[PDB]
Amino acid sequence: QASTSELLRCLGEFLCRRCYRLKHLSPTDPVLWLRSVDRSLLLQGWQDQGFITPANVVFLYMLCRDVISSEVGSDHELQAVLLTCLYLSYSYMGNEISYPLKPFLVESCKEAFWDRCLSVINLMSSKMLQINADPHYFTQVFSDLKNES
């Protein structure tokens, strides 16, 4: 329950439970989407090591729990919102100076992507810092993610 693979499965199970409208969503779907982005950034030379680690998955889950609406209407919409949260996670917590947009963009309307980034930042900026500053809060989030399975 400490391995990346297990926590990622917890996140996938959480999203399936959260997004009750998505009847054909698999808990492995979010895992595939996240791993795919991380592999692509590695292979393409944007990073030397993977971003997806236990701590970063906890960070990502903290964003998802507050940002992803139970009312998401399609698997596509879930992917777009999840990937927006992922992009903000790389941006905030990643070891590289910057990351490209391409792997995170699955929508035709780029302006919606940028508006979503700003909305998430307005909602989450305090908690993004607090999860780093407060080990008790990080522990709470980690425990919550574990209990998602």
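A residue's number is simply how far along the shown sequence it sits, counting from 1.
Chemist: Quick check on the record: does 44 to 52 or 118 to 126 carry the larger mean Cα temperature factor?
Modeler: Per the deposited B-factors, the answer is 44 to 52.
Chemist: Which is higher on mean Cα B factor in this entry, 24 to 32 or 81 to 89?
Modeler: For C-alpha atoms only, the mean B-factor is higher in 24 to 32.
Chemist: Can you work out whether the C-alpha temperature factor of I68 puts it in the lowest, middle or highest third of the chain?
Modeler: According to the entry, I68 has a C-alpha B-factor in the chain's lowest third.
Chemist: Among the modelled residues of its chain, does the C-alpha B-factor of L105 lie in the lowest, middle or highest third?
Modeler: Middle third - that is where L105 ends up once the chain's C-alpha B-factors are sorted.
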